[PDB]
Each structure stands twice: as C-alpha cells, then as structure tokens.
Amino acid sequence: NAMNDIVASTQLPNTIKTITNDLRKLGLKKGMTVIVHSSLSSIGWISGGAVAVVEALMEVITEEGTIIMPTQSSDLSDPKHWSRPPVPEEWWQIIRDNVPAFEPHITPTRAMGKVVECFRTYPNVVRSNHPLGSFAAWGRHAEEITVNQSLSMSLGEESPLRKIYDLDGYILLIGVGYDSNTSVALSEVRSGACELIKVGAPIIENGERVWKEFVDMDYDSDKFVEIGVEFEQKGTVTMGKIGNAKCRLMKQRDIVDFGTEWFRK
C-alpha cells in the first residue's frame, strides 16, 4: 500500500518548518520568481500534506516573490489525440459537443499533482486563461505572468514561460526529473524542433460555450531528459533534498538557452 510505504521510508515527520528549512538550504530566497514542479510522495510523510508544501513555499518566497505552477487540463482537449487512455471514435463528437468549458477557478488539473491542486484554489492564487495549458501564479508578478496567454502556442513566446524567462526566474524540481520540466518547451518552440498539431478545446466566449480550434506544438517531454543530463555537466544546478525528495534548482534562462542550442544541432 502506497501510504504505508511512504511512512516506512520516513524517519521523522516533514513539517511546514522542516520543508521551509530544506528549501532555504537548497537556496530558495525571499523575492525570487520560481516555477515549481513536484511529487508529494517523493518527499516522504508530511504533516499537513499538500498544504504544508504550499505554505512552506510561500513562507520562503513571500509576497515580494512569485510562485508559478503549471495547471494543465488536458481532459478538455480534442479526443482525436487521446492516448492515455484513448476513447472509441464514436464518442468523439459527443465529447466535443458536451465537455464543459474551461473556467479558471473551477476546472481541475490533470497529471499536475496534489501540490498543484492545493495551490490553484489557495486564496489570492491567479490562473491564466488557457483551456489546456494554463498556469497558476501567486505573489508580486502573479498577474503579469498569467495575463493574455495566446490560444495557439500555449507554451511559447506569449505564455507564462516567456514572462518567467524575461524576469530571469528559477525552476524548482521536487522529487521529479527533467521530463516534468515545462520550461524546456520554450526551447522546443524557439528551435522549432517539434511538430505542430491542430487542437481544440471548449471556452466561454461572449457568455456562451464555444468549441474552439487552434494550433499548438506537440510537446514531447522525453527529449527533455537528455537535455537535462547534458545541462548538468555544463555548470549550475543546485541539488539537495527536501525530506527524501531529490530536488534541483536552476535558472530558467540558463536551461532554456541551453536547450535552444541543443535543438539546433
């Protein structure tokens, strides 16, 4: 059983205070702009679960900083492309006609984790407009980062990823690897190394639910591992533990710029 093993692998309980302290040790600082990706279970047993992680991040960064997390809702997309899992083709139009429109305060994430689910409904946390590829933010640049994401190229030059690059932010990975590192999508975009697809999603326009068509890049996270590996040789990724979780902290601009180059080749 999952929980039983999480407990048996923990020597002392992780708390808001021990996470805060592990975060500072790693090098998270007041006033930093940081995009966070995490696995709650990798930390080991935490008193207060996802709430403890979110409250600890906030205590360290404070309102002078900014915390961003991906809040993707890929269950709203066109089912023609579904693979985990696929549905019968005869359902496809029914889904396009009936799936509820994206509402930022309401639509759940998928595959982002409990930390993200706690974050996005936490008070004062703001979420971008995109029906499949939204981000949530909290703190000083929250509103600047999440406003006006374009429908097409959700992870591109007019997305929260670009605004983080411009603010010279950090990426914090907590018990996950480079394949969760969203920001490298920007490298794929700038090098033009991924394929394009025609997607759709339901939005609320003029007060009415419209199924909308647009273009996005077919982001493949699997080549991100390779990039991460080579990036780590060449310089600066601070590594440390938060509880049992292996974490990394790096500058987004450095990794994005390395990834762009890596793709030209």
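A residue's number is simply how far along the shown sequence it sits, counting from 1.
- State which stretch shows the higher mean Cα B factor in the entry: 149-157 or 89-97. Here the higher of the two C-alpha B-factor means belongs to 149-157.
- Query: Taking the recorded C-alpha temperature factors, which stretch has the higher mean, 103-111 or 124-132?
  - Reply: Per the PDB record, 103-111.
- Query: Which listed residue, 26, 217, 43, 56, has the largest C-alpha temperature factor in the record?
  - Reply: If I rank 26, 217, 43, 56 by C-alpha B-factor, first place goes to 217.
- Candidate residues 47, 66, 38, 233, the one whose C-alpha B factor the record puts highest: Most elevated C-alpha B-factor of the set, per the entry: 233.
- Item | B-factor third for the C-alpha atom of residue 70 within its chain | Its C-alpha B-factor, which the entry lists for residue 70, ranks in the lowest third among residues of this chain.
- Message: Can you tell me whether residue 3 has a C-alpha B-factor in the lowest, middle or highest third compared with the other modelled residues of the same chain?
- Response: Highest third, going by the recorded CA B-factors of the chain.
- Message: Test of reading the entry: by CA B factor among the chain's modelled residues, which third contains residue 184?
- Response: According to the entry, residue 184 has a C-alpha B-factor in the chain's middle third.
- Task: Looking at the entry's B-factor column for C-alpha atoms only, identify whether residue 169 ranks in the lowest, middle or highest third of its chain.
- Result: Its C-alpha B-factor, which the entry lists for residue 169, ranks in the lowest third among residues of this chain.
- Item | Where the record places residue 138 (Cα B-factor, split into thirds across the chain) | It belongs to the lowest third of the chain when residues are ordered by C-alpha B-factor.
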